[PDB]
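K.L.:
Dropping a structure here in structure tokens format, bear with me for questions.
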Amino acid sequence: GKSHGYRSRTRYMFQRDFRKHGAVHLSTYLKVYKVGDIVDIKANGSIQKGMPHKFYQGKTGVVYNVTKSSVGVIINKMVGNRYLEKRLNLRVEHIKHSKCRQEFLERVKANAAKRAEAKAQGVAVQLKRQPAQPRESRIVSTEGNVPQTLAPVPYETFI
Amino acid sequence: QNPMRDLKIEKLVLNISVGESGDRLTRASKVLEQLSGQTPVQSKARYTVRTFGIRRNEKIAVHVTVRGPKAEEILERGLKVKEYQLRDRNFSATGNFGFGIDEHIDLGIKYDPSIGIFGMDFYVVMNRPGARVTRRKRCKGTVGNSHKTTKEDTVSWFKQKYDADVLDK
Amino acid sequence: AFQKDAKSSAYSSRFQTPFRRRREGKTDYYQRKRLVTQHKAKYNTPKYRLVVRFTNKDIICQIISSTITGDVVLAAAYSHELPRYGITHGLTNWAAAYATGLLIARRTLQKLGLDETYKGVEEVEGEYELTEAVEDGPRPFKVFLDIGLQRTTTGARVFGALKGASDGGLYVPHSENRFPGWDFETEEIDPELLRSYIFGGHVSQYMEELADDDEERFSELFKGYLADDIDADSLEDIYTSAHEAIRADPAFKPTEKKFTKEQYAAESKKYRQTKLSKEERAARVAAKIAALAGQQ
Amino acid sequence: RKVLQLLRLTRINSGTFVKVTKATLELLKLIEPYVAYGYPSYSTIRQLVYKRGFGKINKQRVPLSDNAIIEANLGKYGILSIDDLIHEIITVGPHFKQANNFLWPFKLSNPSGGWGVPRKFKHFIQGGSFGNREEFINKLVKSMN
Amino acid sequence: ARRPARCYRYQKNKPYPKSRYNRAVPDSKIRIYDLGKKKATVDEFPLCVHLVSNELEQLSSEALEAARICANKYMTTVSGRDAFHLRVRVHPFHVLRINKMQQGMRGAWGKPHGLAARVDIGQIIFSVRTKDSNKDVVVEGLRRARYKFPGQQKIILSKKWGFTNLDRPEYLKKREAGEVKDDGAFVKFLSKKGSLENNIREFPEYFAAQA
RNA sequence: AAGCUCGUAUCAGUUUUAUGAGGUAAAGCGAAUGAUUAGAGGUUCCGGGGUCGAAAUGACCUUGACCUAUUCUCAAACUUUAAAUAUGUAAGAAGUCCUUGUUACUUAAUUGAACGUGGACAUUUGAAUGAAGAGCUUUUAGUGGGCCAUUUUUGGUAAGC
RNA sequence: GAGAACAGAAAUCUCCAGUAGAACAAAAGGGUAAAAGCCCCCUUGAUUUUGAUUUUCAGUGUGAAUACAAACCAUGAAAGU
RNA sequence: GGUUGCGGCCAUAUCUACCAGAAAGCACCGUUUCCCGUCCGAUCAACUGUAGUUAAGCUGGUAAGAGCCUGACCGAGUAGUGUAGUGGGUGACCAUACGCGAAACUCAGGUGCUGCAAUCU
Ligand SMILES: [Mg+2]
Ligand SMILES: [Mg+2]
Ligand SMILES: [Mg+2]
Ligand SMILES: [Mg+2]
Ligand SMILES: [Mg+2]
Ligand SMILES: [Mg+2]
Ligand SMILES: [Mg+2]
Ligand SMILES: [Mg+2]
Ligand SMILES: [Mg+2]
Ligand SMILES: [Mg+2]
Ligand SMILES: [Mg+2]
Ligand SMILES: [Mg+2]
Ligand SMILES: [Mg+2]
Ligand SMILES: [Mg+2]
Ligand SMILES: [Mg+2]
Ligand SMILES: [Mg+2]
Ligand SMILES: [Mg+2]
Ligand SMILES: [Mg+2]
Ligand SMILES: [Mg+2]
Ligand SMILES: [Mg+2]
Ligand SMILES: [Mg+2]
Ligand SMILES: [Mg+2]
Ligand SMILES: [Mg+2]
Ligand SMILES: [Mg+2]
Ligand SMILES: [Mg+2]
Ligand SMILES: [Mg+2]
Ligand SMILES: [Mg+2]
Ligand SMILES: [Mg+2]
Ligand SMILES: [Mg+2]
Ligand SMILES: [Mg+2]
Ligand SMILES: [Mg+2]
Ligand SMILES: [Mg+2]
């Protein structure tokens with residue numbers, strides 16, 4: 001018949017990365033977490049206690065509780081037509097902090113400066129992010145740079 | 001050069017392979033006790049042969065390592081028997097050497113028909129000072145080439161003190 | 001290596017080196033994992049280690065935190081700091097281990113406020129005990145033995161350090177059964193013998209049991225003692241007055257230097273070879289194919 | 001389908017203006033085989049706005065036809081004339097969004113010439129109508145408007 | 001009792017090769033792949049002419065052997081059993097199944113029926129080297145093999161020196177100079193990498209930079 | 001269907017930027033595993049044959065195995081690398097920053113954790129586009145035989161299977 | 001790989017190499033090298049209380065698992081488990 | 001700069017063959033009364049720091065070295081792929097349109113960075 005165990009299909013998901021087997025480096029543990037931090041989920045195959053289910057691999061939630069060897073993470077999983085709130089008790093080896101937020105944090109604190117450094121000046125700020133604007137004009141010289149004129153080649157074989 | 005890159009004997013390990021266990025073994029054991037002083041060690045079969053008449057884990061034989069002073073004693077006293085002439089074969093390319101003698105009597109020791117007579121595999125392992133490193137726990141490293149006991153550097157040491165003969169090609 | 005050993009290109013390629021502090025045979029990480037790591041809801045609270053090493057003679061006692069950038073020594077006292085208080089001979093012995101432990105205990109605790117409170121045992125018949133928390137006010141300093149690779153045997157000197165760090169007012173959790181005079185065939189301690197080993201009453205009785213059965217050997221080793229006229233007996237005060245000398249001032253005095261860092265800097269780059277630029281390396285090869293090839 | 005909905009192109013031959021950046025240039029990417037478009041002239045922006053140009057006021061498609069309608073609604077952003085609008089369109093203003101959102105999507109009839117091609121749903125380059133035909137979009141529009 | 005080839009021409013199914021899963025599979029009709037003077041030296045045959053496919057299809061093992069045979073048979077008896085080196089650069093590794101025949105059409109999974117080789121488009125099937133003085137005698141060989149095969153495939157003169165990677169002159173350069181040295185029936189080349197030691201041990205003939 | 005609480009409001013089968021996850025396609029095989037053609041060079045006190053031999057831990061042929069550097073060809077249940085499409089999260093007022101209270105948890109320690117009091121900076125307040133709005137509750141129908149097309153794809157020689 | 005009486009392809013003793021090519025009941029795939037493997041040592045946490053969580057999911061049950069709380073314990077010098 | 005105790009990243013750190021290393025530190029190294037462990041004080045425990053040694057460990061340098069790390073309009077805008085057509089072809093398959101875009105190869109450059117504490121011509 002069919003077969004549908006907790007870690008089935010996790011061939012290459014729960015593996016180890018090339019020449020990267022062994023005892024998990026000692027920083028992994030030295031990392032500190034608080035209720036609120038955003039965390040990414042990557043299950044360490046070597047670390048079987050307090051693993052996550054495969055579904056949460058590559059998923060990313062918020063620490064809701066901190067314990068001895070673990071963090072409680074919540075995740076909005078969506079069944080049917082709606083999202084539920086799942087709670088994950090992972091070990092501090094299956095979780096790393098998320099640089100999805102660094103962008104933001106780095107942008108507020110940098111937005112602090114531009115803001116202050118222009119109030120005590122003359123307002124004039126503009127600090128929302130604009131997208132990619134089409135290029136303004138330009139003039140290109142041919143000096144040193146005369147155009148080498150190409151045509152398409154004919155059919156060679158050379159097997 | 002050449003300071004304390006001498007050449008002691010690491011240890012000397014006699015061994016009596018006995019196609020059985022029982023009286024026959026304890027005797028071979030006893031033999032190696034009185035010969036060595038140290039109470040000897042027994043060895044179980046590694047699997048089952050049936051054409052060597054053995055079963056796995058049977059306590060098949062005995063042996064004993066001895067190092068330092070008392071070694072060379074029993075080295076000479078058995079090198080006596082081998083009339084200080086061996087074979088080019090006898091020397092491991094990694095530096096050590098050994099030989100076999102029938103009759104443990106040929107090297108002191110009475111007879112006693114309650115003990116019988118046995119053979120010995122005499123095996124001599126050399127090494128140099130600073131043998132340590134590759135056997136201590138902390139910073140267990142490996143000794144550099146210009147120090148690794150070699151066949152040549154061992155026949156040479158042997159050819160000398162003992163003034164014995166090499167033999168063969 | 002022999003031609004029929006020899007490492008394949010494939011082998012070296014698909015190989016994964018251990019760490020480095022393990023390739024060097026220096027660090028048991030499996031222990032480190034379990035020394036270093038903190039209750040994840042105790043947050044940035046440092047977990048500290050009483051590091052006890054033995055050089056080939058000279059005892060090392062470092063108190064150390066951990067930091068993902070690199071472990072942080074709060075405090076460090078070495079047995080070769082034991083002139084100042086009163087030891088010049090035997091500093092790899094159990095009792096210079098006890099001394100360092102005490103020196104380590106008293107010197108930190110000092111630079112940590114709990115100097116006057118938490119004095120540990122001053123009397124020392126070495127009964128089994130642990131520096132207990134005080135009635136209202138600061139819990140003691142707590143710190144764990146980092147025994148390293150040292151092999152845990154009942155009586156080793158690595159634990160002497162511990163008994164002396166415990167005596168000098170540190171909470172360093174421990175059971176008794178590795179202190180000399182721990183009875184095998186009964187869970188039971190004879191402190192008459194530990195109080196011995198603390199004051200070197202095994203070295204003494206070795207200085208005494210040779211002063212009449214072999215004066216050849218006694219001279220070779222135990223030399224330095226003669227050179228200062230200290231026969232046995234007086235060695236028990238030597239450590240007792242060492243003890244005192246330490247508890248009174250352990251404030252650490254460094255070395256005077258003589259020649260600066262930059263000075264040492266010079267006279268070391270002397271005996272240090274340097275790498276070679278590719279231009280150089282080119283010529284060497286080129287010179288080598290002029291040579292090795294063209295038929296002399 | 002969503003992207004057509006977002007660019008407010010909910011029925012055929014109806015058309016809008018789009019300010020060009022990565023985040024829309026990519027939108028246009030997604031819907032090449034369904035729209036035709038390009039760079040509008042001054043000429044036809046005027047005529048789009050003048051003839052079939054309407055403004056959305058409490059939903060309710062209000063046909064422009066008097067400058068009071070515009071000031072009433074875009075006046076807060078500058079813009080107080082039907083040509084002030086056009087300016088704020090054709091030049092891309094500091095208020096293109098509010099400007100452009102204001103005008104109801106244009107409702108152009110079928111090309112009065114014919115699409116010129118024999119089958120519509122190929123790329124311009126491939127002799128079809130869809131995809132970016134650059135300034136060749138003015139001859140189209142002007143004949144649908 | 002062999003099923004007509006038209007049954008498997010196209011690659012309708014993913015690679016089904018003999019494995020620890022397969023196991024029951026039979027022996028390939030084409031078991032030999034180098035005919036003629038294969039023991040010969042690179043210099044001994046500069047000309048190379050390929051049989052090359054124009055279709056993404058499958059080639060029956062039996063079709064291979066029977067085609068290899070035809071075009072070895074000809075080439076020899078005409079130019080001489082040592083006047084060419086005929087290599088087959090295609091291996092039947094793909095097991096075909098069949099549904100032999102109470103039961104109906106349930107549990108249809110077949111048992112192995114024959115091998116076939118999976119060819120791409122532009123992929124060489126045959127490669128033959130001689131001297132540029134057999135050309136017709138070769139080419140005519142491949143043209144007669146052509147028939148033993150399904151799908152359009154076409155003959156091609158190799159811009160290269162025989163079975164080597166190196167085109168006619170650029171080969172010569174490396175040999176009329178110093179870098180080439182014989183080996184078996186192929187060749188090794190002077191690497192500019194690695195131990196300067198054995199690099200001059202072997203290829204002593206280099207290192208003078210003349211003839 | 002009934003509505004209900006609210007309203008610029010929070011909304012999105014879309015983009016953008018930032019930051020994860022993934023082993024398919026390709027690719028690889030003089031990289032591991034497993035297949036597979038061909039020579040060449042080595043190695044046996046030693047797999048077997050033969051010449052000289054009284055034998056040899058003897059020499060010489062011989063064919064095999066292995067070792068060396070090469071060589072043609074492959075994998076749904078191999079893989080170092082590794083896309084495209086798809087996919088998790090983040091883009092502020094529930095935000096950031098200063099001061100300094102609560103506790104029985106927690107620290108060597110008013111240390112730290114969590115919850116706070118008092119203060120500081122408004123809409124370029126933190127991308128795009130769109131929004132005939134947004135959120136919420138209750139109750140009940142029909143349905144629970146499906147079929148087709150492009151692309152992915154399993155079985156079958158195939159099928160309007 | 002190289003060495004030692006009988007000892008032979010296969011018995012036992014020694015050294016060198018050895019990224020795991022072994023072993024971990026079982027099917028297979030993950031995982032493991034001062035261990036997760038091999039030997040030794042001491043034991044009963046395979047225990048008591050009742051919640052939460054993950055998978056299958058209706059977000060019912062069952063099975064299986066996970067991280068805490070409250071106890072009583074085992075082991076270790078200890079951190080710990 | 002060296003070196004040591006403790007480290008973080010865990011080969012730019014590993015493997016192979018050579019060579020060079022003051023000063024200190026490590027180290028090899030001596031002893032067996034004691035706690036301790038062994039078939040064997042080799043390992044482990046203990047004692048001296050004395051009797052001895054740079055030989056090895058350790059550090060560094062060398063090599064058209066193996067491995068590995070990095071880069072490139074090297075290959076290659078190729079293989080693959082998202083999107084489109086009443087495009088070609090009997091098919092098998094293949095061109096074209098708007099986008100995204102590999103690995104191999106090939107060439108060059110590189111061969112540990114560094115945190116705390118103690119020490120050293
Ligand atoms: Mg299944
Ligand atoms: Mg490992
Ligand atoms: Mg908060
Ligand atoms: Mg378990
Ligand atoms: Mg190679
Ligand atoms: Mg341990
Ligand atoms: Mg619009
Ligand atoms: Mg008309
Ligand atoms: Mg007309
Ligand atoms: Mg028509
Ligand atoms: Mg159409
Ligand atoms: Mg009109
Ligand atoms: Mg099929
Ligand atoms: Mg079946
Ligand atoms: Mg044909
Ligand atoms: Mg992404
Ligand atoms: Mg898969
Ligand atoms: Mg493939
Ligand atoms: Mg590849
Ligand atoms: Mg998305
Ligand atoms: Mg039903
Ligand atoms: Mg129903
Ligand atoms: Mg029905
Ligand atoms: Mg034997
Ligand atoms: Mg065993
Ligand atoms: Mg049970
Ligand atoms: Mg089940
Ligand atoms: Mg020195
Ligand atoms: Mg030297
Ligand atoms: Mg060292
Ligand atoms: Mg080095
Ligand atoms: Mg290299």
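Here's how to read the names in the structure tokens: chain A, B, ... by the order shown, residue numbers from 1 in each chain, ligand numbers from 1 in the order shown.
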Check every residue of chain C for an atom within 8 Å of chain A, counting only C-alpha atoms, and provide those that qualify as a list in words.

P.N.:
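Per the criterion, chain C yields residues 14, 15, 16, 33, 37, 38, 39, 40, 41, 43, 44, 67 and 68 of chain C.
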
K.L.:
Kindly compile the residues surrounding ligand 4 within 10 Å, counting only C-alpha atoms (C1' of nucleotides) and all ligand atoms, and format them as a PyMOL selection string.

P.N.:
(chain A and resi 48-50) or (chain G and resi 65-66)

K.L.:
Would you put the residues from that selection into a file with N, CA and C atoms (P, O5', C5', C4', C3', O3' and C1' of nucleotides), as a PDB file, in the first residue's frame?

P.N.:
ATOM      1  N   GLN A  48      18.328  14.661  16.086  1.00  0.00           N
ATOM      2  CA  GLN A  48      17.017  14.034  15.996  1.00  0.00           C
ATOM      3  C   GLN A  48      16.020  14.416  17.088  1.00  0.00           C
ATOM      4  N   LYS A  49      16.494  15.094  18.122  1.00  0.00           N
ATOM      5  CA  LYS A  49      15.606  15.370  19.234  1.00  0.00           C
ATOM      6  C   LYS A  49      15.150  16.817  19.159  1.00  0.00           C
ATOM      7  N   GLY A  50      13.848  17.008  18.970  1.00  0.00           N
ATOM      8  CA  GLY A  50      13.293  18.340  18.897  1.00  0.00           C
ATOM      9  C   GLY A  50      13.421  18.824  17.478  1.00  0.00           C
TER      10      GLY A  50
ATOM     11  P     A G  65       6.846   7.119  20.489  1.00  0.00           P
ATOM     12  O5'   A G  65       7.075   8.593  19.997  1.00  0.00           O
ATOM     13  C5'   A G  65       8.233   8.856  19.238  1.00  0.00           C
ATOM     14  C4'   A G  65       8.232  10.247  18.688  1.00  0.00           C
ATOM     15  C3'   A G  65       8.578  11.351  19.660  1.00  0.00           C
ATOM     16  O3'   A G  65       9.959  11.468  19.896  1.00  0.00           O
ATOM     17  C1'   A G  65       6.683  11.963  18.452  1.00  0.00           C
ATOM     18  P     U G  66      10.483  12.172  21.240  1.00  0.00           P
ATOM     19  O5'   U G  66      10.145  13.711  21.049  1.00  0.00           O
ATOM     20  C5'   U G  66      10.720  14.460  19.990  1.00  0.00           C
ATOM     21  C4'   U G  66      10.232  15.878  20.019  1.00  0.00           C
ATOM     22  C3'   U G  66      10.479  16.602  21.330  1.00  0.00           C
ATOM     23  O3'   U G  66      11.771  17.168  21.392  1.00  0.00           O
ATOM     24  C1'   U G  66       8.220  16.882  20.683  1.00  0.00           C
TER      25        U G  66
END

K.L.:
May I ask you to extract the residues of chain D within 8 Å of chain F, using only C-alpha atoms (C1' of nucleotides), and to give them as JSON, numbers by chain?

P.N.:
{"D": [2, 3, 5, 6, 7, 8, 22, 23, 24, 26, 27, 59]}

K.L.:
Would you save the residues from that selection as an mmCIF file, in the first residue's frame, using N, CA, C and O atoms?

P.N.:
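What landed in out09.cif:
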data_model
loop_
_atom_site.group_PDB
_atom_site.id
_atom_site.type_symbol
_atom_site.label_atom_id
_atom_site.label_comp_id
_atom_site.auth_asym_id
_atom_site.auth_seq_id
_atom_site.Cartn_x
_atom_site.Cartn_y
_atom_site.Cartn_z
ATOM 1 N N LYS D 2 -4.993 38.597 -12.859
ATOM 2 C CA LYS D 2 -4.908 39.592 -11.802
ATOM 3 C C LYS D 2 -4.257 40.865 -12.296
ATOM 4 O O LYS D 2 -4.715 41.961 -12.006
ATOM 5 N N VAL D 3 -3.181 40.713 -13.045
ATOM 6 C CA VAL D 3 -2.392 41.866 -13.446
ATOM 7 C C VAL D 3 -3.173 42.760 -14.387
ATOM 8 O O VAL D 3 -3.068 43.979 -14.333
ATOM 9 N N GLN D 5 -6.217 43.065 -14.059
ATOM 10 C CA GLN D 5 -7.194 43.661 -13.168
ATOM 11 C C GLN D 5 -6.528 44.823 -12.494
ATOM 12 O O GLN D 5 -7.116 45.877 -12.356
ATOM 13 N N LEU D 6 -5.273 44.658 -12.124
ATOM 14 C CA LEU D 6 -4.607 45.720 -11.409
ATOM 15 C C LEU D 6 -4.335 46.927 -12.308
ATOM 16 O O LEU D 6 -4.444 48.068 -11.894
ATOM 17 N N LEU D 7 -4.017 46.687 -13.560
ATOM 18 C CA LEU D 7 -3.803 47.795 -14.472
ATOM 19 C C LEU D 7 -5.135 48.342 -14.984
ATOM 20 O O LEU D 7 -5.161 49.183 -15.877
ATOM 21 N N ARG D 8 -6.229 47.844 -14.411
ATOM 22 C CA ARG D 8 -7.602 48.271 -14.723
ATOM 23 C C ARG D 8 -7.998 48.049 -16.190
ATOM 24 O O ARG D 8 -8.705 48.842 -16.797
ATOM 25 N N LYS D 22 10.798 49.427 -12.676
ATOM 26 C CA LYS D 22 11.035 47.984 -12.609
ATOM 27 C C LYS D 22 9.745 47.290 -12.259
ATOM 28 O O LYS D 22 9.273 46.411 -12.988
ATOM 29 N N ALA D 23 9.167 47.758 -11.151
ATOM 30 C CA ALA D 23 7.995 47.175 -10.497
ATOM 31 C C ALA D 23 6.691 47.285 -11.312
ATOM 32 O O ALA D 23 5.644 46.774 -10.895
ATOM 33 N N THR D 24 6.743 47.956 -12.458
ATOM 34 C CA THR D 24 5.632 47.908 -13.387
ATOM 35 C C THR D 24 6.130 47.396 -14.713
ATOM 36 O O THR D 24 5.403 46.715 -15.440
ATOM 37 N N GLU D 26 7.914 45.157 -14.993
ATOM 38 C CA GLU D 26 7.735 43.735 -14.825
ATOM 39 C C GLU D 26 6.269 43.369 -14.960
ATOM 40 O O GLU D 26 5.948 42.259 -15.376
ATOM 41 N N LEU D 27 5.379 44.293 -14.624
ATOM 42 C CA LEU D 27 3.969 43.992 -14.727
ATOM 43 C C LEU D 27 3.634 43.860 -16.166
ATOM 44 O O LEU D 27 2.947 42.940 -16.567
ATOM 45 N N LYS D 59 -17.062 56.434 -6.922
ATOM 46 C CA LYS D 59 -17.092 55.757 -8.224
ATOM 47 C C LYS D 59 -17.674 56.732 -9.263
ATOM 48 O O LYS D 59 -17.093 57.795 -9.471
#

K.L.:
Just the residues within 9 Å of residue 104 (chain D), please, counting only C-alpha atoms (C1' of nucleotides), with nothing from its chain fewer than 2 positions along; format it as a list in words.

P.N.:
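Near neighbours after the sequence-gap exclusion: residues 16, 53, 54, 55, 56, 61, 62, 100, 101, 102, 106 and 107 of chain D.
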
K.L.:
Would you output that residue set with C-alpha atoms, as an mmCIF file, in the first residue's frame?

P.N.:
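Written output follows (selection_4.cif):
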data_model
loop_
_atom_site.group_PDB
_atom_site.id
_atom_site.type_symbol
_atom_site.label_atom_id
_atom_site.label_comp_id
_atom_site.auth_asym_id
_atom_site.auth_seq_id
_atom_site.Cartn_x
_atom_site.Cartn_y
_atom_site.Cartn_z
ATOM 1 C CA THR D 16 -4.764 53.293 -19.401
ATOM 2 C CA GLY D 53 -11.326 61.439 -20.942
ATOM 3 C CA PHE D 54 -13.504 60.986 -17.816
ATOM 4 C CA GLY D 55 -12.814 61.206 -14.091
ATOM 5 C CA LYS D 56 -13.804 58.872 -11.267
ATOM 6 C CA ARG D 61 -17.761 57.964 -14.101
ATOM 7 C CA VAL D 62 -17.984 61.733 -14.501
ATOM 8 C CA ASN D 100 -3.665 59.087 -13.505
ATOM 9 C CA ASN D 101 -5.923 57.235 -11.071
ATOM 10 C CA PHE D 102 -8.377 60.038 -11.379
ATOM 11 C CA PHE D 106 -10.309 55.047 -21.489
ATOM 12 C CA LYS D 107 -12.929 53.261 -23.594
#

K.L.:
Please return as an MDAnalysis selection string the residues found within 10 Å of ligand 3, counting only C-alpha atoms (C1' of nucleotides) and all ligand atoms.

P.N.:
(chainID A and resid 34:37) or (chainID F and resid 94 114)

K.L.:
For a quick test of understanding: name the residues of chain E lying within 10 Å of chain F when counting only C-alpha atoms (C1' of nucleotides), and present them as number ranges by chain.

P.N.:
E: 3-8, 13-21, 31-35, 38-40, 87-94, 98-99, 105-110, 117-118, 127, 163, 182-188

K.L.:
Filtering to C-alpha atoms, could you give me those residues as a PDB file, in the first residue's frame?

P.N.:
ATOM      1  CA  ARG E   3       8.513  -7.545 -31.536  1.00  0.00           C
ATOM      2  CA  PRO E   4       8.820  -5.192 -34.559  1.00  0.00           C
ATOM      3  CA  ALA E   5      11.083  -2.258 -33.850  1.00  0.00           C
ATOM      4  CA  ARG E   6       8.479   0.311 -34.672  1.00  0.00           C
ATOM      5  CA  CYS E   7       7.221  -0.476 -31.145  1.00  0.00           C
ATOM      6  CA  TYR E   8      10.001   1.297 -29.325  1.00  0.00           C
ATOM      7  CA  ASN E  13       9.662   6.319 -21.061  1.00  0.00           C
ATOM      8  CA  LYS E  14      12.387   7.240 -18.589  1.00  0.00           C
ATOM      9  CA  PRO E  15      15.680   5.247 -18.553  1.00  0.00           C
ATOM     10  CA  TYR E  16      15.028   1.670 -17.483  1.00  0.00           C
ATOM     11  CA  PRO E  17      18.506   0.150 -17.213  1.00  0.00           C
ATOM     12  CA  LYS E  18      19.547  -3.212 -15.763  1.00  0.00           C
ATOM     13  CA  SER E  19      19.840  -2.710 -12.030  1.00  0.00           C
ATOM     14  CA  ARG E  20      19.523  -4.362  -8.704  1.00  0.00           C
ATOM     15  CA  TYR E  21      15.835  -3.651  -9.317  1.00  0.00           C
ATOM     16  CA  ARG E  31      28.542  -7.059 -27.442  1.00  0.00           C
ATOM     17  CA  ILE E  32      31.610  -5.812 -29.400  1.00  0.00           C
ATOM     18  CA  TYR E  33      32.429  -2.161 -30.167  1.00  0.00           C
ATOM     19  CA  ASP E  34      35.915  -1.842 -31.630  1.00  0.00           C
ATOM     20  CA  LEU E  35      36.590  -3.572 -34.945  1.00  0.00           C
ATOM     21  CA  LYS E  38      42.026  -0.918 -33.017  1.00  0.00           C
ATOM     22  CA  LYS E  39      45.434  -1.634 -31.601  1.00  0.00           C
ATOM     23  CA  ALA E  40      46.947   0.927 -33.996  1.00  0.00           C
ATOM     24  CA  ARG E  87      34.376   2.239 -33.121  1.00  0.00           C
ATOM     25  CA  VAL E  88      30.787   2.161 -31.916  1.00  0.00           C
ATOM     26  CA  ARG E  89      30.016   5.149 -29.674  1.00  0.00           C
ATOM     27  CA  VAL E  90      26.632   4.144 -28.403  1.00  0.00           C
ATOM     28  CA  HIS E  91      25.597   1.592 -25.824  1.00  0.00           C
ATOM     29  CA  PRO E  92      22.226  -0.178 -25.387  1.00  0.00           C
ATOM     30  CA  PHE E  93      21.612   0.433 -21.750  1.00  0.00           C
ATOM     31  CA  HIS E  94      17.890   0.886 -21.789  1.00  0.00           C
ATOM     32  CA  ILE E  98       6.756  -6.345 -22.836  1.00  0.00           C
ATOM     33  CA  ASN E  99       3.374  -7.627 -21.756  1.00  0.00           C
ATOM     34  CA  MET E 105      -5.054  -5.918 -18.639  1.00  0.00           C
ATOM     35  CA  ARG E 106      -4.677  -5.453 -14.904  1.00  0.00           C
ATOM     36  CA  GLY E 107      -1.158  -5.401 -13.422  1.00  0.00           C
ATOM     37  CA  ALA E 108       0.392  -4.713 -16.772  1.00  0.00           C
ATOM     38  CA  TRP E 109       4.009  -4.148 -15.706  1.00  0.00           C
ATOM     39  CA  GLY E 110       6.152  -5.959 -18.246  1.00  0.00           C
ATOM     40  CA  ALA E 117      20.277   2.518 -27.123  1.00  0.00           C
ATOM     41  CA  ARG E 118      19.006   6.045 -26.647  1.00  0.00           C
ATOM     42  CA  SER E 127      33.138   6.561 -35.601  1.00  0.00           C
ATOM     43  CA  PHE E 163      39.695   9.725 -32.597  1.00  0.00           C
ATOM     44  CA  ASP E 182      52.221   7.492 -27.779  1.00  0.00           C
ATOM     45  CA  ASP E 183      50.077   5.240 -25.608  1.00  0.00           C
ATOM     46  CA  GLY E 184      48.172   2.045 -26.398  1.00  0.00           C
ATOM     47  CA  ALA E 185      46.057   3.172 -29.337  1.00  0.00           C
ATOM     48  CA  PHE E 186      45.504   6.678 -28.112  1.00  0.00           C
ATOM     49  CA  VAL E 187      47.866   9.255 -26.657  1.00  0.00           C
ATOM     50  CA  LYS E 188      48.889  11.417 -23.692  1.00  0.00           C
TER      51      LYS E 188
END

K.L.:
Please, which residues have at least one atom within 10 Å of an atom of ligand 10, using only C-alpha atoms (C1' of nucleotides) and all ligand atoms, listed as a ChimeraX atom specification?

P.N.:
/D:117-119 /H:86

K.L.:
Could you please take those selected residues and save C-alpha atoms (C1' of nucleotides) as a PDB file, in the first residue's frame?

P.N.:
ATOM      1  CA  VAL D 117      -2.060  42.459 -39.312  1.00  0.00           C
ATOM      2  CA  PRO D 118      -3.736  39.266 -40.402  1.00  0.00           C
ATOM      3  CA  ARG D 119      -3.806  37.658 -36.977  1.00  0.00           C
TER       4      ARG D 119
ATOM      5  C1'   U H  86      -4.718  28.505 -36.912  1.00  0.00           C
TER       6        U H  86
END

K.L.:
CA of residue 123 (chain E) and CA of residue 159 (chain E) are how many Å apart?

P.N.:
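Here the two named atoms are 15.8 Å from each other.
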
K.L.:
Using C1' of residue 104 (chain F) and CA of residue 142 (chain C) as the two end points, give the distance in Å to one decimal.

P.N.:
22.5 Å
